[PDB]
Amino acid sequence: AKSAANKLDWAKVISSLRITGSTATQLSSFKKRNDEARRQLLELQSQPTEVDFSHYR
Amino acid sequence: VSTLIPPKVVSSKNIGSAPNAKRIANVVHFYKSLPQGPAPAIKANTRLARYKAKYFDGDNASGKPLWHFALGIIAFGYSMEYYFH
């Protein structure tokens with residue numbers, strides 16, 4: 001579902017060779033990238049957030 | 001911290017600086033522009049316009065009118081040359 005959003009974002013980036021000199025658009029890009037990377041890292045590393053009282057207790 | 005928005009700010013200033021001055025300079029003269037020799041006014045008649053069209057035009061632009069003027073002044077001056085001497 002996220003593929004369309006960043007696909008169009010980098011399509012705008014490919015169009016953005018002419019609006020060069022911007023300050024925080026690229027900064028906001030790395031901000032989104034860092035936030036989504038932290039998303040997928042926390043979702044991958046997240047073990048089942050419950051104590052297995054049947055066995056692990 | 002947020003996303004500033006450059007890509008739609010061209011409204012306040014048209015893209016480019018040097019050609020902006022030439023845009024108004026070259027867009028305005030095309031309205032009142034002759035398509036192809038409009039109103040040539042190549043025909044006129046004021047007892048001297050025919051002479052201008054035949055001889056004083058840019059098509060020929062030769063030295064013949066000067067020689068004709070010299071011949072005319074000679075013809076005019078012959079009479080008073082006889083009158084004086």
# chains A, B, ... in the order shown; residues from 1 in each chain; ligands from 1

$ closest_atom_pairs --of "chain B" --to "chain A" --cutoff "8 Å" --atoms "only C-alpha atoms" --output "Markdown table"
| residue | atom | partner | partner_atom | distance |
| --- | --- | --- | --- | --- |
| B:1 | CA | A:28 | CA | 6.9 |
| B:2 | CA | A:28 | CA | 6.1 |
| B:3 | CA | A:25 | CA | 5.4 |
| B:4 | CA | A:25 | CA | 6.1 |
| B:5 | CA | A:25 | CA | 7.4 |
| B:6 | CA | A:22 | CA | 7.0 |
| B:7 | CA | A:19 | CA | 6.6 |

$ write_last_selection --atoms "N, CA and C atoms" --output "PDB file, in the first residue's frame"
ATOM      1  N   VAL B   1      12.237  20.764  10.242  1.00  0.00           N
ATOM      2  CA  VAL B   1      11.588  19.663  10.941  1.00  0.00           C
ATOM      3  C   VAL B   1      10.390  19.172  10.131  1.00  0.00           C
ATOM      4  N   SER B   2       9.835  20.057   9.311  1.00  0.00           N
ATOM      5  CA  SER B   2       8.713  19.742   8.439  1.00  0.00           C
ATOM      6  C   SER B   2       9.146  19.924   6.985  1.00  0.00           C
ATOM      7  N   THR B   3       8.190  19.782   6.071  1.00  0.00           N
ATOM      8  CA  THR B   3       8.456  19.884   4.638  1.00  0.00           C
ATOM      9  C   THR B   3       8.055  21.276   4.153  1.00  0.00           C
ATOM     10  N   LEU B   4       9.054  22.101   3.853  1.00  0.00           N
ATOM     11  CA  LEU B   4       8.785  23.350   3.162  1.00  0.00           C
ATOM     12  C   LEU B   4       8.398  23.060   1.714  1.00  0.00           C
ATOM     13  N   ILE B   5       7.747  24.032   1.085  1.00  0.00           N
ATOM     14  CA  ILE B   5       7.081  23.776  -0.190  1.00  0.00           C
ATOM     15  C   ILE B   5       7.605  24.725  -1.266  1.00  0.00           C
ATOM     16  N   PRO B   6       8.676  24.359  -1.964  1.00  0.00           N
ATOM     17  CA  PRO B   6       9.172  25.190  -3.073  1.00  0.00           C
ATOM     18  C   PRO B   6       8.395  25.009  -4.371  1.00  0.00           C
ATOM     19  N   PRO B   7       7.941  23.799  -4.733  1.00  0.00           N
ATOM     20  CA  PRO B   7       7.681  23.545  -6.159  1.00  0.00           C
ATOM     21  C   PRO B   7       6.462  24.263  -6.721  1.00  0.00           C
TER      22      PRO B   7
END

$ atom_distance --atom1 "atom CA of residue A:38" --atom2 "atom CA of residue A:6"
16.4 Å

$ select_by_dssp --residues "chain A" --states "helix (DSSP H, G or I)" --output "PyMOL selection string"
chain A and resi 3-15+25-45

$ decode --residues "stretch 32-76 of chain B" --atoms "N, CA and C atoms" --output "PDB file, in the first residue's frame"
ATOM      1  N   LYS B  32       0.503  44.434 -32.883  1.00  0.00           N
ATOM      2  CA  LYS B  32       0.372  45.385 -33.987  1.00  0.00           C
ATOM      3  C   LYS B  32       1.504  45.187 -34.998  1.00  0.00           C
ATOM      4  N   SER B  33       1.588  43.964 -35.511  1.00  0.00           N
ATOM      5  CA  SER B  33       2.631  43.569 -36.446  1.00  0.00           C
ATOM      6  C   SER B  33       2.021  43.283 -37.811  1.00  0.00           C
ATOM      7  N   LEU B  34       2.691  43.752 -38.854  1.00  0.00           N
ATOM      8  CA  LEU B  34       2.215  43.553 -40.219  1.00  0.00           C
ATOM      9  C   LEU B  34       2.363  42.088 -40.611  1.00  0.00           C
ATOM     10  N   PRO B  35       1.285  41.405 -41.019  1.00  0.00           N
ATOM     11  CA  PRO B  35       1.416  40.002 -41.436  1.00  0.00           C
ATOM     12  C   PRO B  35       2.360  39.826 -42.615  1.00  0.00           C
ATOM     13  N   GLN B  36       2.048  40.468 -43.741  1.00  0.00           N
ATOM     14  CA  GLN B  36       2.936  40.447 -44.904  1.00  0.00           C
ATOM     15  C   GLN B  36       2.684  41.720 -45.707  1.00  0.00           C
ATOM     16  N   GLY B  37       3.487  42.749 -45.448  1.00  0.00           N
ATOM     17  CA  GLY B  37       3.431  43.983 -46.197  1.00  0.00           C
ATOM     18  C   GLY B  37       2.067  44.643 -46.177  1.00  0.00           C
ATOM     19  N   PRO B  38       1.390  44.599 -45.030  1.00  0.00           N
ATOM     20  CA  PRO B  38       0.080  45.255 -44.933  1.00  0.00           C
ATOM     21  C   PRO B  38       0.201  46.761 -45.119  1.00  0.00           C
ATOM     22  N   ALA B  39      -0.782  47.333 -45.809  1.00  0.00           N
ATOM     23  CA  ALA B  39      -0.816  48.757 -46.121  1.00  0.00           C
ATOM     24  C   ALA B  39       0.496  49.227 -46.756  1.00  0.00           C
ATOM     25  N   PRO B  40       0.923  48.597 -47.855  1.00  0.00           N
ATOM     26  CA  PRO B  40       2.185  49.014 -48.487  1.00  0.00           C
ATOM     27  C   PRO B  40       2.179  50.456 -48.963  1.00  0.00           C
ATOM     28  N   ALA B  41       1.028  50.966 -49.409  1.00  0.00           N
ATOM     29  CA  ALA B  41       0.902  52.341 -49.902  1.00  0.00           C
ATOM     30  C   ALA B  41       1.898  52.623 -51.025  1.00  0.00           C
ATOM     31  N   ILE B  42       2.082  51.642 -51.912  1.00  0.00           N
ATOM     32  CA  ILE B  42       3.015  51.791 -53.024  1.00  0.00           C
ATOM     33  C   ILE B  42       2.481  52.688 -54.128  1.00  0.00           C
ATOM     34  N   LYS B  43       1.200  53.044 -54.085  1.00  0.00           N
ATOM     35  CA  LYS B  43       0.576  53.882 -55.099  1.00  0.00           C
ATOM     36  C   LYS B  43       0.197  55.225 -54.491  1.00  0.00           C
ATOM     37  N   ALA B  44       0.636  56.305 -55.130  1.00  0.00           N
ATOM     38  CA  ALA B  44       0.318  57.652 -54.678  1.00  0.00           C
ATOM     39  C   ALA B  44       0.388  58.590 -55.873  1.00  0.00           C
ATOM     40  N   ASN B  45      -0.248  59.752 -55.728  1.00  0.00           N
ATOM     41  CA  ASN B  45      -0.288  60.738 -56.806  1.00  0.00           C
ATOM     42  C   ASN B  45      -0.447  62.121 -56.192  1.00  0.00           C
ATOM     43  N   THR B  46       0.632  62.908 -56.207  1.00  0.00           N
ATOM     44  CA  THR B  46       0.601  64.281 -55.720  1.00  0.00           C
ATOM     45  C   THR B  46       1.409  65.205 -56.625  1.00  0.00           C
ATOM     46  N   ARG B  47       1.442  64.905 -57.925  1.00  0.00           N
ATOM     47  CA  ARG B  47       2.184  65.603 -58.975  1.00  0.00           C
ATOM     48  C   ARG B  47       3.684  65.327 -58.874  1.00  0.00           C
ATOM     49  N   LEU B  48       4.143  64.702 -57.789  1.00  0.00           N
ATOM     50  CA  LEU B  48       5.530  64.272 -57.659  1.00  0.00           C
ATOM     51  C   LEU B  48       5.677  62.843 -57.162  1.00  0.00           C
ATOM     52  N   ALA B  49       4.595  62.181 -56.744  1.00  0.00           N
ATOM     53  CA  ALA B  49       4.704  60.816 -56.239  1.00  0.00           C
ATOM     54  C   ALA B  49       5.074  59.831 -57.339  1.00  0.00           C
ATOM     55  N   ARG B  50       4.623  60.078 -58.571  1.00  0.00           N
ATOM     56  CA  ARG B  50       4.979  59.195 -59.676  1.00  0.00           C
ATOM     57  C   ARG B  50       6.483  59.206 -59.925  1.00  0.00           C
ATOM     58  N   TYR B  51       7.106  60.384 -59.853  1.00  0.00           N
ATOM     59  CA  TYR B  51       8.552  60.471 -60.025  1.00  0.00           C
ATOM     60  C   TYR B  51       9.280  59.726 -58.914  1.00  0.00           C
ATOM     61  N   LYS B  52       8.800  59.857 -57.676  1.00  0.00           N
ATOM     62  CA  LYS B  52       9.412  59.146 -56.557  1.00  0.00           C
ATOM     63  C   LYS B  52       9.299  57.638 -56.741  1.00  0.00           C
ATOM     64  N   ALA B  53       8.130  57.166 -57.179  1.00  0.00           N
ATOM     65  CA  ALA B  53       7.935  55.734 -57.368  1.00  0.00           C
ATOM     66  C   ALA B  53       8.796  55.199 -58.506  1.00  0.00           C
ATOM     67  N   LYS B  54       8.895  55.948 -59.608  1.00  0.00           N
ATOM     68  CA  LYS B  54       9.626  55.450 -60.768  1.00  0.00           C
ATOM     69  C   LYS B  54      11.135  55.510 -60.556  1.00  0.00           C
ATOM     70  N   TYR B  55      11.638  56.595 -59.974  1.00  0.00           N
ATOM     71  CA  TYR B  55      13.077  56.818 -59.892  1.00  0.00           C
ATOM     72  C   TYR B  55      13.624  56.797 -58.474  1.00  0.00           C
ATOM     73  N   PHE B  56      12.945  57.434 -57.521  1.00  0.00           N
ATOM     74  CA  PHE B  56      13.442  57.550 -56.158  1.00  0.00           C
ATOM     75  C   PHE B  56      13.106  56.334 -55.299  1.00  0.00           C
ATOM     76  N   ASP B  57      12.784  55.204 -55.917  1.00  0.00           N
ATOM     77  CA  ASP B  57      12.489  53.982 -55.187  1.00  0.00           C
ATOM     78  C   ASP B  57      13.766  53.188 -54.937  1.00  0.00           C
ATOM     79  N   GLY B  58      13.679  52.250 -53.993  1.00  0.00           N
ATOM     80  CA  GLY B  58      14.817  51.416 -53.660  1.00  0.00           C
ATOM     81  C   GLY B  58      15.110  50.301 -54.636  1.00  0.00           C
ATOM     82  N   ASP B  59      14.184  50.011 -55.554  1.00  0.00           N
ATOM     83  CA  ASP B  59      14.407  48.942 -56.522  1.00  0.00           C
ATOM     84  C   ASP B  59      15.539  49.295 -57.482  1.00  0.00           C
ATOM     85  N   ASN B  60      15.483  50.487 -58.081  1.00  0.00           N
ATOM     86  CA  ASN B  60      16.540  50.907 -58.994  1.00  0.00           C
ATOM     87  C   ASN B  60      17.723  51.498 -58.235  1.00  0.00           C
ATOM     88  N   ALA B  61      17.495  52.615 -57.540  1.00  0.00           N
ATOM     89  CA  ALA B  61      18.518  53.276 -56.724  1.00  0.00           C
ATOM     90  C   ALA B  61      19.800  53.522 -57.518  1.00  0.00           C
ATOM     91  N   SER B  62      19.644  54.011 -58.743  1.00  0.00           N
ATOM     92  CA  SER B  62      20.768  54.275 -59.628  1.00  0.00           C
ATOM     93  C   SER B  62      21.048  55.772 -59.712  1.00  0.00           C
ATOM     94  N   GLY B  63      22.120  56.110 -60.424  1.00  0.00           N
ATOM     95  CA  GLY B  63      22.510  57.488 -60.637  1.00  0.00           C
ATOM     96  C   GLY B  63      21.805  58.195 -61.771  1.00  0.00           C
ATOM     97  N   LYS B  64      20.883  57.511 -62.449  1.00  0.00           N
ATOM     98  CA  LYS B  64      20.143  58.140 -63.540  1.00  0.00           C
ATOM     99  C   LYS B  64      19.361  59.381 -63.123  1.00  0.00           C
ATOM    100  N   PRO B  65      18.661  59.420 -61.979  1.00  0.00           N
ATOM    101  CA  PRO B  65      17.965  60.667 -61.611  1.00  0.00           C
ATOM    102  C   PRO B  65      18.886  61.869 -61.491  1.00  0.00           C
ATOM    103  N   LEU B  66      20.117  61.678 -61.010  1.00  0.00           N
ATOM    104  CA  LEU B  66      21.054  62.794 -60.929  1.00  0.00           C
ATOM    105  C   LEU B  66      21.409  63.318 -62.316  1.00  0.00           C
ATOM    106  N   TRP B  67      21.641  62.413 -63.269  1.00  0.00           N
ATOM    107  CA  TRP B  67      21.934  62.832 -64.636  1.00  0.00           C
ATOM    108  C   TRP B  67      20.737  63.532 -65.268  1.00  0.00           C
ATOM    109  N   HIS B  68      19.525  63.040 -64.997  1.00  0.00           N
ATOM    110  CA  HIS B  68      18.329  63.702 -65.507  1.00  0.00           C
ATOM    111  C   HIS B  68      18.180  65.099 -64.915  1.00  0.00           C
ATOM    112  N   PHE B  69      18.472  65.247 -63.621  1.00  0.00           N
ATOM    113  CA  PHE B  69      18.433  66.563 -62.991  1.00  0.00           C
ATOM    114  C   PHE B  69      19.467  67.499 -63.607  1.00  0.00           C
ATOM    115  N   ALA B  70      20.666  66.983 -63.889  1.00  0.00           N
ATOM    116  CA  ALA B  70      21.688  67.797 -64.541  1.00  0.00           C
ATOM    117  C   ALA B  70      21.244  68.234 -65.931  1.00  0.00           C
ATOM    118  N   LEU B  71      20.646  67.322 -66.698  1.00  0.00           N
ATOM    119  CA  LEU B  71      20.145  67.685 -68.021  1.00  0.00           C
ATOM    120  C   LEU B  71      19.045  68.737 -67.921  1.00  0.00           C
ATOM    121  N   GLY B  72      18.149  68.586 -66.944  1.00  0.00           N
ATOM    122  CA  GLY B  72      17.095  69.569 -66.759  1.00  0.00           C
ATOM    123  C   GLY B  72      17.629  70.938 -66.385  1.00  0.00           C
ATOM    124  N   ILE B  73      18.634  70.982 -65.507  1.00  0.00           N
ATOM    125  CA  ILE B  73      19.195  72.272 -65.117  1.00  0.00           C
ATOM    126  C   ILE B  73      19.958  72.897 -66.283  1.00  0.00           C
ATOM    127  N   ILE B  74      20.588  72.073 -67.127  1.00  0.00           N
ATOM    128  CA  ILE B  74      21.229  72.601 -68.332  1.00  0.00           C
ATOM    129  C   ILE B  74      20.190  73.220 -69.260  1.00  0.00           C
ATOM    130  N   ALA B  75      19.074  72.514 -69.462  1.00  0.00           N
ATOM    131  CA  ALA B  75      18.020  73.030 -70.332  1.00  0.00           C
ATOM    132  C   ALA B  75      17.435  74.324 -69.778  1.00  0.00           C
ATOM    133  N   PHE B  76      17.230  74.386 -68.460  1.00  0.00           N
ATOM    134  CA  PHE B  76      16.718  75.605 -67.843  1.00  0.00           C
ATOM    135  C   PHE B  76      17.714  76.752 -67.972  1.00  0.00           C
TER     136      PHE B  76
END
